[PDB]
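Q:
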Amino acid sequence: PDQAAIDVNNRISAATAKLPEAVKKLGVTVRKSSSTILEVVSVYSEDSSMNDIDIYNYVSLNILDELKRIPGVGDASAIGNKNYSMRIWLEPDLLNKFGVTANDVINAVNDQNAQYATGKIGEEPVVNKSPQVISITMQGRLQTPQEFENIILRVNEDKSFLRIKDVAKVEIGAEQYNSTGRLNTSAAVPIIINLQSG
Amino acid sequence: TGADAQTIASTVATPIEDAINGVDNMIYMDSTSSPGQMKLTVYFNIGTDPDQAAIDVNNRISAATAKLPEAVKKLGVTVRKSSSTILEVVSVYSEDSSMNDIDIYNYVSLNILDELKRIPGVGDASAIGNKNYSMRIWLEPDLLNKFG
Amino acid sequence: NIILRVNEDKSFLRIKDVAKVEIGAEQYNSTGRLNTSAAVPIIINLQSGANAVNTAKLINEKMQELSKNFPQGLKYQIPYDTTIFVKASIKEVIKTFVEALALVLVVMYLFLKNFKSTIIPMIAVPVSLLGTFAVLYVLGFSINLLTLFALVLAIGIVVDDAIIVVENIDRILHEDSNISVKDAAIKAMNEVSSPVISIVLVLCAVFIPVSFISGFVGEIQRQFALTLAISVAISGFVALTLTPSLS
Amino acid sequence: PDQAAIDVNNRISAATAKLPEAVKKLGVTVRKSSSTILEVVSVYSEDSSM
Amino acid sequence: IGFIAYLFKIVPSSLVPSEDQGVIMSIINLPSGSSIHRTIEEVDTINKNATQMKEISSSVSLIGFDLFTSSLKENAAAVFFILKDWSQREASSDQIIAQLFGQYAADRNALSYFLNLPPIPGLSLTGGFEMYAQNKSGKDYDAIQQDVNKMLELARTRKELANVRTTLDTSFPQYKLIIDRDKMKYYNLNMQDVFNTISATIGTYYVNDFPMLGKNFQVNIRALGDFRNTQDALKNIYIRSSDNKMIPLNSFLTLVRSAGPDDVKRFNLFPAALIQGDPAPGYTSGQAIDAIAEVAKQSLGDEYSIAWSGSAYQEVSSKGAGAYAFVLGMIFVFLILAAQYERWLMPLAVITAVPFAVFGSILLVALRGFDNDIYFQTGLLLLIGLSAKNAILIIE
Amino acid sequence: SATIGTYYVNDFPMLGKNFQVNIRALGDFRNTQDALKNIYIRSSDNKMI
Ligand SMILES: CC[C@H]1OC(=O)[C@H](C)[C@@H](O[C@H]2C[C@@](C)(OC)[C@@H](O)[C@H](C)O2)[C@H](C)[C@@H](O[C@@H]2O[C@H](C)C[C@H](N(C)C)[C@H]2O)[C@](C)(O)C[C@@H](C)C(=O)[C@H](C)[C@@H](O)[C@]1(C)O
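Chains as they are written, first to last, in the working numbering: chain A, 60 to 257; chain B, 638 to 785; chain C, 2 to 248; chain D, 72 to 121; chain E, 72 to 467; chain F, 1356 to 1404.
(1) Since E:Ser105 meets chain A, which of its residues come closer than 9 angstroms, beta carbon to beta carbon?
(2) If the cut-off is 9 angstroms on Cβ atoms, which residues from the segment 1363–1385 of chain F count as contacting chain E, listed in chain order?
(3) Decide yes or no for the touch test of the segment 177–196 of chain E against the segment 78–89 of chain E: beta carbon pairs closer than 8 angstroms, at least 3 of them.
(4) Could you check if B:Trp775 is buried or exposed, using at least 16 other CB atoms within 10 Å of its CB as the buried criterion?
(5) Quick one: is A:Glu182 near chain E, going by C-beta distance under 8 angstroms?
(6) Roughly how far, in whole angstroms, is the beta-carbon of C:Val203 from the beta-carbon of E:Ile407, given that I think they are within contact range, below 8 angstroms?
(7) Is the number of C-beta pairs between the segment 219–235 of chain C and the segment 657–676 of chain B that are closer than 8 angstroms three or more?
(8) Name the DSSP beta bridge partners of E:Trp379, please?
(9) List the residues of chain E whose Cβ lies closer than 7 angstroms to the Cβ of B:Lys676, in chain order.
(10) In terms of residues, what are the limits of the alpha helix (DSSP H) holding A:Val118?
(11) Thinking just about the alpha-carbon of each residue, which of F:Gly1382, F:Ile1396, F:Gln1375 and F:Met1403 is nearest to the one in F:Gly1360?
(12) Roughly how many whole angstroms lie between the Cα atoms of B:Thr651 and E:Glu113?
(13) Since B:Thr722 meets chain A, which of its residues come closer than 9 angstroms, beta carbon to beta carbon?
(14) Among the residues of its own chain, which have a CB less than 8 angstroms from the CB of A:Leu123, if the five just before and after it don't count?
(15) Step through the CB atoms of chain F and report whether any lies within less than 8 angstroms of the CB of B:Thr651.
(16) For E:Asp137, which residues in the same chain have their Cβ closer than 6 angstroms to its Cβ, ignoring the five residues on either side in sequence?
(17) Measuring CB to CB, does E:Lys247 end up less than 8 angstroms from A:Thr196?
(18) Below 7 angstroms, is the gap between the Cβ of E:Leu133 and the nearest heavy atom of ligand 1?
(19) Considering only their Cβ atoms, is the gap separating E:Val219 from E:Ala383 smaller than 8 angstroms?
(20) Express the C-alpha separation of E:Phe441 and C:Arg223 in angstroms, rounding to a whole number.
(21) Identify the continuous beta strand (DSSP E) that holds E:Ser130 and give its terminal residues.
(22) Using a Cβ-Cβ cutoff of less than 7 angstroms, which residues in the same chain neighbour C:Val7 once the five nearest sequence positions on both sides are dropped?
(23) Which chain B residues sit within Cβ distance under 7 angstroms of A:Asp124?
(24) Whole angstroms is fine: what's the gap from C:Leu149's alpha carbon to C:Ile91's?
(25) When you compare the segment 365–375 of chain E with the segment 397–415 of chain E, are there three or more beta-carbon pairs, one atom per stretch, that lie closer than 8 angstroms?
(26) Mind checking whether B:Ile723 and C:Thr56 have CB atoms under 8 angstroms apart?
(27) Helix, strand or coil, according to DSSP, for E:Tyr175 in the structure here?
(28) Would you say C:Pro42 touches ligand 2, meaning its beta carbon is less than 7 angstroms from a heavy atom?
(29) Considering Cα atoms alone, identify which of A:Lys156, A:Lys84, A:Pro204 and A:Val192 is closest to E:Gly331.
(30) Say yes only if the C-beta of B:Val726 is nearer than 7 angstroms to one or more non-hydrogen atoms of ligand 1, and no if none qualify.
(31) Taking 7 angstroms as the line, does the beta carbon of E:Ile98 fall inside it for any heavy atom of ligand 1?
(32) With 9 angstroms as the C-beta to C-beta threshold (strictly closer), list the residues of the segment 34–47 of chain C near chain E in chain order.
(33) Just to check my reading of the structure: C:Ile164 and E:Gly456 have Cβ atoms closer than 8 angstroms, yes? What is that Cβ distance to the nearest angstrom?
(34) Does residue 59 of chain A come within less than 8 angstroms of chain E when only Cβ atoms are used?
(35) Let me check understanding here. Comparing Cα to Cα, which of A:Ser104, A:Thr88, A:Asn140 and A:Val185 lies closest to A:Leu120?
(36) For D:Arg102, report the span of its beta strand (DSSP E) as first-last.
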C-alpha cells in the first residue's frame, strides 16, 4: 500500500499544475484510506453549555490531530466541517447603496489582512556599524472581528473612511453550515475513522 | 527572506505542520522558526525506512506547497534525511588573506564540492557557509529621492 | 544599464544613477575563520554501507590533488576525522588479539608443558573469528567501535573454548598411559560434547533478551549481545568439530 | 527500481534549493522508464477516409 | 549478595563516560542582539588568547551560528579548538577545559561554554527529560515565557530534579512596526506595496536569477547599509501614492522598541517552550519525569499540555519489553540446563554461580571510582556467560 | 462567488492555528431564484451593472 501511494502521488504531481488555482490552494490530499468507516466516535456535551461549532473546533484542534498520529488510522474526519472562520456577511442592498462591489471587499481583505516580510535594521554590509542588531516585527493579520470591520474599502472625497461595517456584518462563524452530527437526541460531532490499507 | 520569527512560524510552519501530520510512524514533530528561516524536524519511529519517511514527507509537503507565501513558494522547501553523522570536516582557508570569505566559498562550491561527490562513499558533501554569488543592487535613498 | 525611466529628453535614467551594482553574497550573517584566517568548512557525511577508512584516504588524496591547483594562498586542512577513532580502535583490537594469542600460547606451554600443542589454538582461534566476521557480514552488521569492543569481548570466549577442549584432551591423555591420542580425544569429546552445546544454547539465550531491549541504549546493547552470541555459537561449533582433530 | 526512484526523488527534494526557479514552478517528474520496445502497434485506416 | 545490592546502590549510574575527542567545542554567546562585528572581535581575542597554550594546535570558528540551537543568531559564535594530539599532549581534555574556564570568568563580556564533543552523535546526556509546554490557549510567547518561568520557579524547589533550563528567550530587541491604516488608506496606498518597499530597502528582496559560470544565481535588492542602520531609517524611504505623489514612509509607520523571541518553537502543531532538566542525584530519570509533569500540571492547567521528546518520550512510551525478554531468557536458560543435567533442581547451582562474577565486577568498579556504564553492563554480559560456562562444566 | 458562494480570501490567526476568512452575502439575498437582481458589479467605467 505504501508503494502504491507513492506511485499515485508521483503520477499526480504533474497533474497538480493543470488544476485550477483554488483547487491547488486548498490542496490535493492523497491517503491510503479505504473510505470504509472503521468506527464512529461521537463527542457530546452533557451540560449543553458548549455549542456545536465550539465542540467541533475543540475536536479539530485537540482530538483529531492526536487521532491522526495513531498508527493504523488512514484518515480521521468529523462530519460537521464547522471549523472556525471569519464570516463577512455582505449586504447587497448596502453594497449597491455605497457603490462598492464584492470585488472591492475581496481586494481590501486580501491586501490588508496579510503578513509581509520586513528586514532587520542593523545588518551588514554597513560602514557605520551599530552596536546592536534589531529585528522588525509586524502584525497585519487581524484577530478580532472589531479589527476586521475597520478595514477601509474606500476613502471618500473628505477624510471619511468607508469600512466593512457599513456594508457588511462580520462575525466568527463556521466554515460550512452544510452538515450536522447527531447522537441519540443530542448534538455531537461524529469522528469517522478510515482504516489505512493493510 | 527578511521576515521575523513569529510571522514565519504562523504563515509557514503551521501549514506545513498541518499537512505533515499523520505521516506513517511519526512519533512527534519539532519545528523552530528563527528570523528568515523555518526548520521542521519530523521524528519517526525506530526501524522506519529513512527513504520512505523522506518520500512521504515530500508528498505531504507537495500537497500544501500552494498555501505557503509567495517568497517561500519561490524558494522551494527542502526535504532531507537528517540522520547523518560527519565523517570529516575540510576547511579551506586563505592564509595570505588574498581572497575574502565569499570568494573562498564560491570557489569551494564550484570546484571542490563536485570532486567530493565523485569520491565513492561520500554520500553527502556540503559547505557550512551560505554565501552564493548574488547580484546586489545597493539602493541609495537620497539618490532615489533626488531622481524621484 | 537597466532603464528605470525615460526622461523627456532622449537620455534615460538608469540603475547606475540611483544604485551601485556589485556581485556579493546572498547572506552576510555568517563567517568562518580558521586560525584567524578566512575559511569555509566543508562537511562530508559517510554514505550508508561504505568503508570509512578507504573513503577518508580517498578524500585526503583528492584534496591533495585539488590543492595542487589551488589559487595562491589557499590551503586545506582536516580538523575532524572520525576515521582516526576507528583506526585507533582497529589497531587496539589487533594488538589485543595478538596479546591474547601470545598469552594463550604461553599459558598452555606452561601448564600443558608441550610445544606441539601450542599450534592448536593458533589455528582454532583465527578460524572462529573469521567465521564470526562472515556471519556478521551476512546479517548486515557494520564494523564500528561498539562492534570492535564486542570483538575484544569475544576473544575471551573463543580462547576459553579452545582451552577447555585442549586441556580435556591433555588431561585424559595423562590419566591413562595405555590410551592413544585419538582415543583420548574421542573420550574427551564424548564427555564434553553435550555440555558444549548446552553452554552455546545457554549463552545465546542469555544474550538474546538484551537485543530485545529498545531505545538507543537498547540498540547499543544489541550490538554487543548479538556479536557476542554469534561468536560463542561459532566458537562452540569450532571447538566441537575442528579443535578435537587438531588435538 | 521502486526504491531507486525513491532515492532519486529524495535527492531531488534535498537539492531543491539548487534548482532554477522555472523548473521549480513546473514540477520535476521522476518516473521509472524502460528502454525496451516490447512491440510496435500500428493503427491505419483501410478506407483512407480518416 | 546483600553486599552486591549495597555496592550497586552506592555506585553512580551514568549512560556513557566522557572521553576526550581530541577537539574542544567552545560556545560563545554575546548579549542578545549584539552585532556580528562585536562577535568577530570577541572570537578574534578568543583565538589570540588560545594561541599561547601549547596544547591546542589549530582553531576552527563559525562566527554567526548557534550550535546549541541551530540558527544564525549574530550574537552567538561557535569556536572549536583542535587539540595537538593524544600522544604529544601531556594534559587531558579536562585540564584544558579548566584552564580555558579560568582564563575567562573575569571578563564576562563574551560568555564562555567549553564542552568536550559528545562521545557518540545524537546522544542524550545524563538521561535528561525534554518537556514541551504546548500552549493551547493561543497566548503570546511573552506571556508563555512568564508562565513557563513560574513553572521553573516552582520546579526548582522540587527535590526529584535539578538544573532546569528553558531554551525560549524573549530578551532579543525587536522594533515593532505599528501601522496606522487610516493614514495609509488616506494617502491612497496599499499595504502590499509599502511592505514591498520596506522589504526592498531594509530587507533583502530577491527578484530574478542571473547566470554566472553557467549556474543560476540570485539577484538581491537592498538599501545601502549606511542608511538602514539607524532606527529612524523609515523617513528616508519614499513610496509613490498612486496619485503621482511621493509619500514619506514615516508618515504612516513608526518603529517602537520592544523585546521579542528570536526563535519560536512549535511542538506537535502547537506553540511550546522546550524545557530541559536533569534528575537530581539519587533519583531515577522516570521519577524526575513524573515530578516535572506534576509541576507543569500544577503551574499550568487546561491551557498548556505536556509533551515528551527523545529519551523522555522513550521512557513515557516504553512498553517494558526488556524485563519481559529477560524473564523469558532466564526461563529458557533454566529449562536448557535442566535438560542437560536431566534434573530440575541442579540448574540452581549454575544460576547461583554468576553472583560471584557480578560481585567482583561491582566491587572493583566501586573501588576504582568508575561509575555504572553501558560498557560495564556489556562486560557483565560476558562475565555472566563465562561464569555460567565454568559452572556448567563443574556441575556436569 | 463572493456573494452567492463562499470565497476564501486568506487566513486569520486564532488559537495558534490559521483559520480561513470566507466572504458571502446574507442568506436572505441569495435565497430566492432572482438573486442576480441585487448584486451589482462596477465596470471599467464608474457605472454599476
Ligand atoms: C547546524 C550546523 C552544525 O551541525 C549541528 O548542529 C549538529 C547536528 C549538532 O547537533 C545538533 C542537534 C540539534 C539540531 O538537535 C535538536 C540541536 O540540539 C543542535 C543544533 O545540535 C552536533 C551534534 C553538535 O553537538 C551539539 O552541540 C551543541 C552546542 C549542543 C547540542 N546539544 C547539547 C543540544 C550538541 O548535540 C556537534 C557535534 O558539536 C557539532 C559538530 C559536528 C560540529 O562541529 C559541526 C561543525 C556543527 O557545528 C555544524 C555541522 O555546523
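Every residue gets a Cβ at the ideal spot worked out from N, C-alpha and C, and that includes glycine.
A: On the basis of the supplied data:
(1) The answer, in chain order, is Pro190, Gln191 and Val192.
(2) Correct list: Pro1368, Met1369, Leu1370, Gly1371 and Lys1372.
(3) Under the three-pair Cβ rule at 8 angstroms, the segment 177–196 of chain E counts as touching the segment 78–89 of chain E.
(4) Burial call: buried.
(5) Interface residue, yes.
(6) Going by Cβ atoms, the distance from C:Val203 to E:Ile407 rounds to 6 angstroms, so yes, they are a contact pair.
(7) Between the segment 219–235 of chain C and the segment 657–676 of chain B there are fewer than three C-beta pairs closer than 8 angstroms, too few to call the two in contact.
(8) DSSP lists E:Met202 as partners of E:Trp379.
(9) Those are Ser141, listed as they occur along chain E.
(10) Per DSSP, A:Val118 belongs to no alpha helix (DSSP H) and is neither H nor E.
(11) Comparing Cα positions, the closest option is F:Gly1382.
(12) The alpha-carbon atoms of B:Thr651 and E:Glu113 are separated by roughly 38 angstroms.
(13) Ordered by position in chain A, no residue passes the 9 angstroms Cβ test against B:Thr722, which lies about 27 angstroms from the chain.
(14) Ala135, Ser136, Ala137 and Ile250, listed in sequence order.
(15) Yes, contact with chain F.
(16) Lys144 and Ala147, listed in sequence order.
(17) Note that the C-beta distance between E:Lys247 and A:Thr196 is below 8 angstroms.
(18) The nearest non-hydrogen atom of ligand 1 is less than 7 angstroms from the C-beta of E:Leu133.
(19) Contact flag unset, no.
(20) Taking the straight line from one Cα to the other gives about 23 angstroms.
(21) Per DSSP, the unbroken beta strand (DSSP E) holding E:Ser130 starts and ends at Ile127 to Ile134.
(22) Excluding residues within five positions, the ones whose Cβ falls inside 7 angstroms are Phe13.
(23) Here the neighbours are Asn658.
(24) Taking the straight line joining both Cα atoms gives about 7 angstroms.
(25) Too few Cβ pairs lie closer than 8 angstroms, so no.
(26) With a cutoff of 8 angstroms on beta-carbon distance, B:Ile723 and C:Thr56 are scored as not near each other.
(27) Coil.
(28) Absent from the structure shown: ligand 2. Ligands present: ligand 1.
(29) Closest option to E:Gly331, Cα to Cα, is A:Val192.
(30) Yes, the Cβ of B:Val726 comes within 7 angstroms of a heavy atom of ligand 1.
(31) True, at least one ligand heavy atom lies under 7 angstroms from that Cβ.
(32) Taking 9 angstroms as the Cβ-Cβ cut-off against chain E, the residues of the segment 34–47 of chain C that qualify are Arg34, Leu35, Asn36, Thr37, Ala40 and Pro42.
(33) 15 angstroms between Cβ atoms; not a contact.
(34) Because chain A is modelled from 60 through 257, residue 59 of chain A falls outside the range shown and cannot be assessed.
(35) The residue with the shortest Cα to Cα distance from A:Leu120 is A:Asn140.
(36) Run containing D:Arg102: none; DSSP gives neither H nor E here.
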